[PDB]
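Asks: Just one file: run_23.txt, with compact mmCIF, C-alpha atoms.
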# COMPACT_ATOMS: atom_id res chain seq x y z
CA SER A 27 -19.48 -70.72 75.40
CA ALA A 28 -21.50 -73.19 77.44
CA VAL A 29 -22.60 -70.37 79.71
CA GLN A 30 -23.86 -68.21 76.86
CA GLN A 31 -25.77 -71.16 75.38
CA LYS A 32 -27.40 -71.83 78.75
CA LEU A 33 -28.26 -68.14 79.24
CA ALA A 34 -29.78 -68.03 75.76
CA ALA A 35 -31.84 -71.11 76.56
CA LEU A 36 -32.96 -69.59 79.85
CA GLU A 37 -34.01 -66.47 77.99
CA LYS A 38 -35.91 -68.48 75.40
CA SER A 39 -37.71 -70.40 78.13
CA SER A 40 -38.67 -67.17 79.91
CA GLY A 41 -40.37 -65.31 77.06
CA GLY A 42 -38.53 -62.11 77.86
CA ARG A 43 -35.26 -60.31 77.24
CA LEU A 44 -32.34 -61.04 79.54
CA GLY A 45 -29.17 -59.04 80.00
CA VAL A 46 -26.25 -60.29 82.03
CA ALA A 47 -22.82 -58.99 82.80
CA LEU A 48 -20.32 -60.74 85.04
CA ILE A 49 -16.93 -59.35 85.96
CA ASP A 50 -14.55 -61.79 87.64
CA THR A 51 -12.07 -59.56 89.44
CA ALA A 52 -9.60 -62.46 89.71
CA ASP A 53 -8.55 -61.99 86.07
CA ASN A 54 -10.82 -59.11 84.95
CA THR A 55 -12.61 -61.56 82.67
CA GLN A 56 -16.13 -60.63 81.61
CA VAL A 57 -19.12 -62.72 80.60
CA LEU A 59 -21.78 -60.77 78.72
CA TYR A 60 -25.22 -61.62 77.43
CA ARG A 61 -26.92 -58.73 75.64
CA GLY A 62 -24.23 -56.80 77.44
CA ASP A 63 -24.55 -53.65 75.30
CA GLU A 64 -28.34 -53.51 75.04
CA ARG A 65 -30.25 -50.95 77.04
CA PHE A 66 -32.53 -52.08 79.82
CA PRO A 67 -34.72 -50.05 82.18
CA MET A 68 -32.83 -49.72 85.43
CA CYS A 69 -35.81 -49.24 87.70
CA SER A 70 -34.63 -49.22 91.32
CA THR A 71 -31.10 -50.37 90.48
CA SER A 72 -30.61 -46.67 89.73
CA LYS A 73 -30.79 -46.02 93.48
CA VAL A 74 -27.22 -47.23 93.84
CA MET A 75 -26.02 -44.33 91.66
CA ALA A 76 -28.00 -41.75 93.63
CA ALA A 77 -26.70 -43.01 96.93
CA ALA A 78 -23.14 -43.14 95.64
CA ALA A 79 -23.45 -39.59 94.32
CA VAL A 80 -24.42 -38.38 97.78
CA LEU A 81 -21.55 -40.35 99.28
CA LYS A 82 -19.21 -38.60 96.86
CA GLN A 83 -20.53 -35.23 98.03
CA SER A 84 -19.81 -36.23 101.62
CA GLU A 85 -16.10 -36.55 100.85
CA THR A 86 -15.96 -32.75 100.91
CA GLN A 87 -19.04 -32.03 103.08
CA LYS A 88 -17.90 -34.26 105.91
CA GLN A 89 -21.13 -33.94 107.92
CA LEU A 90 -23.49 -34.27 104.95
CA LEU A 91 -24.82 -37.71 105.78
CA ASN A 92 -26.03 -36.44 109.15
CA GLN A 93 -28.04 -33.62 107.59
CA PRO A 94 -31.73 -33.95 108.51
CA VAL A 95 -34.23 -33.89 105.69
CA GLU A 96 -37.93 -33.32 106.37
CA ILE A 97 -40.40 -35.93 105.10
CA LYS A 98 -43.70 -34.26 104.31
CA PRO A 99 -46.95 -35.98 103.26
CA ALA A 100 -46.59 -34.50 99.78
CA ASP A 101 -43.23 -36.27 99.45
CA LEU A 102 -44.74 -39.73 99.67
CA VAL A 103 -45.09 -41.60 96.40
CA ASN A 104 -46.16 -45.15 95.64
CA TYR A 105 -43.80 -47.24 97.81
CA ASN A 106 -42.28 -45.68 100.93
CA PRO A 107 -41.85 -48.38 103.58
CA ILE A 108 -39.34 -46.39 105.59
CA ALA A 109 -40.23 -42.78 104.78
CA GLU A 110 -43.83 -43.51 105.83
CA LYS A 111 -42.49 -44.18 109.33
CA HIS A 112 -41.03 -40.66 109.50
CA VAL A 113 -43.71 -38.45 107.94
CA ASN A 114 -43.77 -35.02 109.58
CA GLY A 115 -40.35 -35.80 110.97
CA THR A 116 -36.86 -35.94 109.54
CA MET A 117 -34.49 -38.56 108.23
CA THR A 118 -30.80 -37.96 107.73
CA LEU A 119 -29.24 -38.38 104.32
CA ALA A 120 -27.60 -41.53 105.62
CA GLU A 121 -30.97 -42.91 106.71
CA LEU A 122 -32.47 -41.98 103.34
CA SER A 123 -29.60 -43.64 101.50
CA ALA A 124 -30.03 -46.81 103.59
CA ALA A 125 -33.76 -46.77 102.99
CA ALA A 126 -33.41 -46.31 99.26
CA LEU A 127 -30.91 -49.13 99.01
CA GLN A 128 -32.04 -51.71 101.56
CA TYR A 129 -35.81 -51.27 101.30
CA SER A 130 -36.04 -49.68 97.83
CA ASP A 131 -37.90 -46.75 99.31
CA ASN A 132 -39.04 -44.47 96.50
CA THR A 133 -39.51 -41.34 98.61
CA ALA A 134 -35.94 -41.79 99.83
CA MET A 135 -34.72 -41.95 96.24
CA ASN A 136 -36.54 -38.75 95.37
CA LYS A 137 -34.90 -36.96 98.29
CA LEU A 138 -31.49 -38.17 97.10
CA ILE A 139 -32.27 -36.91 93.61
CA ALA A 140 -33.29 -33.55 95.03
CA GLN A 141 -30.07 -33.32 97.03
CA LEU A 142 -28.16 -33.80 93.79
CA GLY A 143 -30.09 -31.10 91.94
CA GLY A 144 -32.31 -33.34 89.88
CA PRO A 145 -31.86 -36.41 87.72
CA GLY A 146 -29.20 -34.54 85.79
CA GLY A 147 -27.13 -34.47 88.96
CA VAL A 148 -27.27 -38.24 89.28
CA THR A 149 -26.34 -38.65 85.64
CA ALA A 150 -23.50 -36.21 86.08
CA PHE A 151 -21.99 -38.36 88.79
CA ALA A 152 -22.08 -41.35 86.45
CA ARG A 153 -20.25 -39.33 83.82
CA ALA A 154 -17.70 -38.14 86.37
CA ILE A 155 -16.73 -41.72 87.24
CA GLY A 156 -16.53 -42.71 83.58
CA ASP A 157 -19.95 -44.21 82.90
CA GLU A 158 -21.11 -42.69 79.61
CA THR A 159 -24.09 -45.05 79.36
CA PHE A 160 -26.15 -44.53 82.48
CA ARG A 161 -28.91 -42.01 82.16
CA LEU A 162 -31.41 -40.97 84.78
CA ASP A 163 -34.16 -38.84 83.31
CA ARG A 164 -37.07 -39.02 85.72
CA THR A 165 -37.90 -39.27 89.40
CA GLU A 166 -39.88 -41.90 91.23
CA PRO A 167 -42.22 -43.45 90.36
CA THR A 168 -42.26 -42.64 86.65
CA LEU A 169 -38.71 -43.81 86.04
CA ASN A 170 -40.09 -47.38 86.24
CA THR A 171 -42.34 -47.25 83.19
CA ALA A 172 -39.88 -49.49 81.33
CA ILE A 173 -41.44 -48.85 77.95
CA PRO A 174 -39.83 -50.94 75.20
CA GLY A 175 -37.40 -48.87 73.20
CA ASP A 176 -37.55 -45.85 75.48
CA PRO A 177 -33.97 -44.82 76.32
CA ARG A 178 -34.99 -42.87 79.44
CA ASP A 179 -33.71 -44.28 82.72
CA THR A 180 -31.70 -47.05 81.12
CA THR A 181 -28.23 -48.44 81.14
CA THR A 182 -26.53 -51.50 79.75
CA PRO A 183 -25.40 -54.55 81.70
CA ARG A 184 -21.80 -53.99 80.76
CA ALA A 185 -21.83 -50.37 81.89
CA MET A 186 -23.56 -51.06 85.17
CA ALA A 187 -21.24 -53.93 86.03
CA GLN A 188 -18.21 -51.75 85.42
CA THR A 189 -19.67 -48.91 87.46
CA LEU A 190 -20.74 -51.16 90.31
CA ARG A 191 -17.21 -52.61 90.39
CA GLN A 192 -15.70 -49.12 90.58
CA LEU A 193 -18.03 -47.98 93.35
CA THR A 194 -17.67 -51.03 95.60
CA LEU A 195 -14.33 -52.67 94.84
CA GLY A 196 -12.56 -49.80 93.14
CA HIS A 197 -11.84 -46.30 94.30
CA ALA A 198 -14.48 -44.12 92.67
CA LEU A 199 -15.40 -43.29 96.25
CA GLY A 200 -13.35 -42.46 99.29
CA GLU A 201 -12.43 -45.30 101.61
CA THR A 202 -15.05 -44.56 104.26
CA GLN A 203 -17.70 -43.97 101.59
CA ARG A 204 -16.93 -47.19 99.74
CA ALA A 205 -17.14 -49.15 102.97
CA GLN A 206 -20.47 -47.56 103.77
CA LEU A 207 -21.88 -48.39 100.36
CA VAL A 208 -20.72 -52.01 100.71
CA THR A 209 -22.27 -52.25 104.15
CA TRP A 210 -25.55 -50.87 102.83
CA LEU A 211 -25.64 -53.31 99.91
CA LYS A 212 -24.80 -56.31 102.08
CA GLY A 213 -27.76 -55.35 104.25
CA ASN A 214 -30.25 -55.32 101.42
CA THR A 215 -33.59 -56.85 102.41
CA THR A 216 -35.28 -57.23 99.01
CA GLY A 217 -32.93 -59.64 97.26
CA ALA A 218 -33.56 -63.07 98.72
CA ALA A 219 -35.36 -64.44 95.65
CA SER A 220 -33.13 -62.88 92.99
CA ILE A 221 -29.36 -63.36 92.42
CA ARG A 222 -28.87 -64.60 95.99
CA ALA A 223 -31.22 -67.52 95.40
CA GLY A 224 -29.02 -68.93 92.63
CA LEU A 225 -25.80 -68.81 94.63
CA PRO A 226 -24.21 -70.94 97.36
CA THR A 227 -25.57 -69.92 100.75
CA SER A 228 -22.01 -69.46 102.01
CA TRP A 229 -21.28 -66.62 99.59
CA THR A 230 -21.67 -63.04 100.79
CA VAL A 231 -23.78 -60.90 98.50
CA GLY A 232 -24.49 -57.21 98.40
CA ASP A 233 -27.18 -56.33 95.89
CA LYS A 234 -29.85 -53.95 94.75
CA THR A 235 -33.01 -55.15 93.09
CA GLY A 236 -35.27 -53.31 90.73
CA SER A 237 -38.73 -53.89 89.39
CA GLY A 238 -41.01 -52.02 87.09
CA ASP A 240 -43.64 -52.27 84.43
CA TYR A 241 -43.28 -54.72 81.53
CA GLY A 242 -42.43 -57.31 84.19
CA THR A 243 -39.04 -55.72 84.55
CA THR A 244 -37.07 -57.65 87.14
CA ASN A 245 -33.49 -56.58 87.85
CA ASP A 246 -30.73 -57.20 90.33
CA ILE A 247 -27.16 -55.97 90.54
CA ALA A 248 -24.76 -57.56 92.93
CA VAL A 249 -21.26 -57.75 94.27
CA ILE A 250 -20.42 -61.26 95.36
CA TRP A 251 -17.72 -62.34 97.81
CA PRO A 252 -17.24 -66.11 97.53
CA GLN A 253 -15.44 -67.63 100.53
CA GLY A 254 -11.73 -67.96 99.55
CA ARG A 255 -12.00 -66.40 96.09
CA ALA A 256 -11.83 -63.00 94.43
CA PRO A 257 -15.14 -61.12 94.33
CA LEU A 258 -17.44 -61.02 91.36
CA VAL A 259 -19.76 -58.33 90.03
CA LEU A 260 -22.97 -59.63 88.48
CA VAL A 261 -25.73 -57.61 86.80
CA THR A 262 -28.94 -59.33 85.69
CA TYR A 263 -31.61 -57.32 83.87
CA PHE A 264 -34.85 -58.82 82.60
CA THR A 265 -37.84 -57.32 80.88
CA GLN A 266 -40.89 -58.71 79.12
CA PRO A 267 -43.12 -57.78 76.20
CA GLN A 268 -46.41 -57.36 78.11
CA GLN A 269 -46.94 -54.14 80.05
CA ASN A 270 -48.66 -55.98 82.91
CA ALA A 271 -46.32 -58.98 83.03
CA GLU A 272 -45.54 -60.38 86.44
CA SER A 273 -42.09 -60.19 87.99
CA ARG A 274 -39.74 -63.07 87.26
CA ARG A 275 -37.15 -63.08 90.04
CA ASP A 276 -36.62 -66.79 89.32
CA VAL A 277 -35.02 -65.86 86.02
CA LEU A 278 -32.40 -63.81 87.84
CA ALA A 279 -31.78 -66.65 90.29
CA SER A 280 -31.42 -69.06 87.38
CA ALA A 281 -29.01 -66.79 85.54
CA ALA A 282 -26.89 -66.46 88.66
CA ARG A 283 -26.89 -70.23 89.05
CA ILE A 284 -25.73 -70.69 85.45
CA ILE A 285 -22.92 -68.18 86.01
CA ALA A 286 -21.91 -69.80 89.29
CA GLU A 287 -21.57 -73.09 87.38
CA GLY A 288 -18.13 -72.39 85.92
CA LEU A 289 -16.28 -70.28 88.46
Using structure tokens, write down the structure from this file.

Replies:
Amino acid sequence: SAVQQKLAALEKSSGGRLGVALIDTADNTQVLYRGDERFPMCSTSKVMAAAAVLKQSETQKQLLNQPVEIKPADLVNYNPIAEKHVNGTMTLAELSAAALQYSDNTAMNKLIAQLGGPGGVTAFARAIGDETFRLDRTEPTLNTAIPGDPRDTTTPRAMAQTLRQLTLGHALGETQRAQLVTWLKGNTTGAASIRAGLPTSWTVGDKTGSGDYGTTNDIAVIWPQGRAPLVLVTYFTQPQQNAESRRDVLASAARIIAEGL
């Protein structure tokens, strides 16, 4: 289609490898570009960890209010919120918010620990029908994004389907789904990524990710005004280990997708 030719041209102009999956919930139509190739998730994996904790809270009703101690040894490479609470506590809700809206890496590691390790995050994916997602490592090493390495990867198609189920579907309880949506809508790191390619009037909830090999990712649920929502996943990675981030590519891919709906 026109859209796939424009995405291929965008990819060629960028020098990297682009993966896109769009689900239009109006008719369940999908647009895929490298939709079944694996990409390093980087921080987009935080959505799965947060959702796994939300699922636990369906049975442990008070779980999100459980205080978790932040110790100096817990701090890793990027901890904008956890740093503010060293030698104090954060609740699991606050850690989930921090992981999602500020991409706090300490917060992610606490979520992983709550789930019993990366295998606990992966198990949640399997439980909701995602056979592709795999989380293998903790922060910060899950962002190495080494070409060909299957650790800590998923495909665009799989992540779009899973994000749809978590936010618009019923993989989570009603209160949990609403909380996840609220968290995503409040993301602070996404202004230059998918959001930048979309009409300003559209409501977006997203989670970015970035890593080595110039890996630049964003996954979003999009609520256009007077129109069924869309799920859009944009993954991008580059051949040079020290490549710079290319959020503009994600914005451009979103713009190309938005041209047509």

Asks: Looking at only C-alpha atoms, which of A:114, A:40, A:149, A:84 is the one that sits closest to residue 164 (chain A)?

Replies: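 Of A:114, A:40, A:149, A:84, the one nearest residue 164 (chain A) is A:149, counting only C-alpha atoms.
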
Asks: Contacts of residue 68 (chain A) at 9 Å or less, counting all atoms listed in the file, minus same-chain residues fewer than 6 places along, as an mmCIF file with C-alpha atoms, in the coordinates of the input?

Replies:
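Generated file (result06.cif):
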data_model
loop_
_atom_site.group_PDB
_atom_site.id
_atom_site.type_symbol
_atom_site.label_atom_id
_atom_site.label_comp_id
_atom_site.auth_asym_id
_atom_site.auth_seq_id
_atom_site.Cartn_x
_atom_site.Cartn_y
_atom_site.Cartn_z
ATOM 1 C CA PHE A 160 -26.150 -44.530 82.480
ATOM 2 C CA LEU A 162 -31.410 -40.970 84.780
ATOM 3 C CA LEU A 169 -38.710 -43.810 86.040
ATOM 4 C CA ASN A 170 -40.090 -47.380 86.240
ATOM 5 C CA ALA A 172 -39.880 -49.490 81.330
ATOM 6 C CA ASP A 179 -33.710 -44.280 82.720
ATOM 7 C CA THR A 180 -31.700 -47.050 81.120
ATOM 8 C CA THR A 181 -28.230 -48.440 81.140
ATOM 9 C CA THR A 182 -26.530 -51.500 79.750
ATOM 10 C CA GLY A 236 -35.270 -53.310 90.730
ATOM 11 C CA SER A 237 -38.730 -53.890 89.390
ATOM 12 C CA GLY A 238 -41.010 -52.020 87.090
ATOM 13 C CA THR A 243 -39.040 -55.720 84.550
ATOM 14 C CA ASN A 245 -33.490 -56.580 87.850
ATOM 15 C CA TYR A 263 -31.610 -57.320 83.870
#

Asks: Which residues are close to residue 103 (chain A), i.e. within 9 Å by only C-alpha atoms, leaving aside same-chain residues fewer than 2 positions away? Reply as a compact mmCIF listing (two decimals) with C-alpha atoms, in the coordinates of the input.

Replies:
# COMPACT_ATOMS: atom_id res chain seq x y z
CA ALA A 100 -46.59 -34.50 99.78
CA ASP A 101 -43.23 -36.27 99.45
CA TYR A 105 -43.80 -47.24 97.81
CA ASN A 106 -42.28 -45.68 100.93
CA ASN A 132 -39.04 -44.47 96.50
CA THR A 133 -39.51 -41.34 98.61
CA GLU A 166 -39.88 -41.90 91.23
CA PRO A 167 -42.22 -43.45 90.36

Asks: For a quick check of understanding, using all atoms listed in the file, which of A:154, A:75, A:127, A:57 has the smallest distance to residue 30 (chain A)?

Replies: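 Closest residue, counting all atoms listed in the file: A:57.
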
Asks: Find the residues around residue 41 (chain A) up to 12 Å (all atoms listed in the file counted), leave out those fewer than 3 positions away in its own chain, and share them as a ChimeraX atom specification.

Replies: /A:34-38,44,241-242,264-268,271-272,274,277

Asks: As an exercise, work out the distance from CA of residue 33 (chain A) to CA of residue 194 (chain A) in Å and give it to one decimal place.

Replies: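 Separating CA of residue 33 (chain A) from CA of residue 194 (chain A) is a distance of 25.9 Å.
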
Asks: Nearest to residue 31 (chain A): which of A:119, A:171, A:53, A:59 is it, counting all atoms listed in the file?

Replies: A:59

Asks: Quick one: everything within 8 Å of region 278-286 of chain A, counting all atoms listed in the file, minus sequence neighbours fewer than 4 positions away in the same chain. Send it as a ChimeraX atom specification.

Replies: /A:29,32-33,36,46,48,219-225,244-246,260,262-264,274

Asks: When you count all atoms listed in the file, which of these residues is closest to residue 61 (chain A): A:158, A:184, A:93, A:233?

Replies: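 Going through A:158, A:184, A:93, A:233 one by one, the smallest distance to residue 61 (chain A) is for A:184.
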
Asks: Under the rule that only C-alpha atoms are counted, which of A:202, A:253, A:55, A:128 is the nearest residue to residue 226 (chain A)?

Replies: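 Using only C-alpha atoms, the shortest distance to residue 226 (chain A) belongs to A:253.
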
Asks: In Å, with one decimal, what is the gap from CA of residue 85 (chain A) to CA of residue 189 (chain A)?

Replies: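 So the answer is 18.6 Å.
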
Asks: With distances taken over all atoms listed in the file, which of A:79, A:113, A:218, A:90 is nearest to residue 145 (chain A)?

Replies: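 Closest to residue 145 (chain A), using all atoms listed in the file: A:79.
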
Asks: Work out how far apart CA of residue 74 (chain A) and CA of residue 43 (chain A) are and give it in Å to one decimal.

Replies: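 CA of residue 43 (chain A) lies at a distance of 22.6 Å from CA of residue 74 (chain A).
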